[PDB]
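Our numbering puts the first residue of the sequence shown at 4, with every later residue one more than the last. The structure appears right after this line, and notes come after that.
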Amino acid sequence: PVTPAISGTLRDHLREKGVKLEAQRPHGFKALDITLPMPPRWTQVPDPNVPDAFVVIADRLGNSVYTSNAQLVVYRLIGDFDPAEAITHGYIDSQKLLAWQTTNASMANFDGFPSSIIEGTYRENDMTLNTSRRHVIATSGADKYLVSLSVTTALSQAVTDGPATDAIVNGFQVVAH
C-alpha cells in the first residue's frame with residue numbers, strides 16, 4: 004500500500020539527505036511528551052551502555068539468559084528532508100539482522116505521525132530473539148524528531164513476557180508539547 008525502499012538504513016538515509024542527528028535525554032526535554040508503559044516488575048536500567056539512549060527499561064527480576072527490555076532513542080533532526088520518504092527505510096535496520104524473519108510490518112501512521120513498525124525474530128549470541136522496532140518521525144513546532152523504540156525478548160519468552168511487551172508496544176505514545 005506504501006512501497007518500501009531496499010537500500011540504506013533509515014539513519015544512513017537521513018545522513019545522506021543532509022540531516023543531522025542530535026541525541027536527546029529525558030531531563031530537560033519537553034518538545035515532545037512520550038509515554039512509555041512500565042509494566043510490573045520492570046525498571047529503568049541506569050547505565051545501560053546503549054549508545055544514544057533516551058531511556059531503557061527492563062525486567063531484571065525475570066529470568067532467561069536474555070533480559071527482556073525496551074529501548075527508546077530520541078534524536079532531534081537538523082535539516083529539511085521529507086518524512087514520508089524517510090519512513091520507507093523503516094524496515095531495513097531490522098531486516099539486516101542475522102536470520103531476520105518478519106512476523107508483522109506496517110507503515111501506517113502512528114499518533115498522527117509517519118511511522119514504520121516491524122516485528123520478528125533474529126539471532127544474537129547463538130540465541131534467537133523476538134523484537135518489535137517502531138520508528139516515528141514527529142514534528143513539534145518547527146522541530147522534527149526521530150523517535151525509535153525496540154522491545155526485545157528471547158523467543159522462548161514471547162508469550163510468557165507477553166503482557167509486558169503488549170503494554171509497551173501498544174501503549175507507547177508520542178505527543179507534541
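We put the beta carbon where it would ideally sit given N, CA and C, even for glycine.
Spell out a yes or no on whether the region 63-78 and the region 133-153 are touching, meaning 3 or more CB-CB pairs, one atom from each, closer than 8 Å.
yes
What is the C-beta distance between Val139 and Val177, in whole angstroms, given that I count them as a contact (C-beta under 8 Å)?
6 Å
Among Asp36, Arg126, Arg28 and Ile81, the one whose alpha carbon lies nearest that of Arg18:
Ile81
Kindly indicate which residue of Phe116, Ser119 and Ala73 has the alpha-carbon position closest to the one of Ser153.
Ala73
Inter-residue CB distance, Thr156 and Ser71 (contact presumed, cutoff 8 Å)
4 Å
Cβ-Cβ distance between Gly93 and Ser119 below 7 Å
yes
Using CA coordinates, which residue listed in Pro166, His180 and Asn128 is at the minimum distance from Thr142?
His180
With a floor of 4 residues, list each alpha helix (DSSP H) that falls wholly inside the region 19-99, ordered by position along the chain.
86-90 and 95-98
Looking only at its chain, what residues have a beta carbon closer than 7 Å to the beta carbon of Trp45, apart from the 5 residues adjacent to it on each side?
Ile60, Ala61, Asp62 and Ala167
Taking its Cβ as the centre, do 16 or more other Cβ atoms sit within 10 Å of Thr38, making it buried, or is it exposed?
exposed
Mapping the DSSP letters down to three states, classify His138 as helix, strand or coil.
strand
Please classify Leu13 as buried or exposed, where buried requires at least 16 neighbouring CB atoms within 10 angstroms.
buried
Any idea which residues DSSP pairs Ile171 with across the strands?
None; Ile171 has no bridge partner.
Below 7 Å between beta carbons: does that hold for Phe57 and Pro86?
no
Do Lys20 and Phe116 have their C-beta atoms within less than 7 Å of each other?
no
Rounded to whole angstroms, what's the CA-CA distance from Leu24 to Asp55? Just pull it up for me.
10 Å
Distance between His16 and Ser10 (C-alpha atoms, nearest Å)
9 Å
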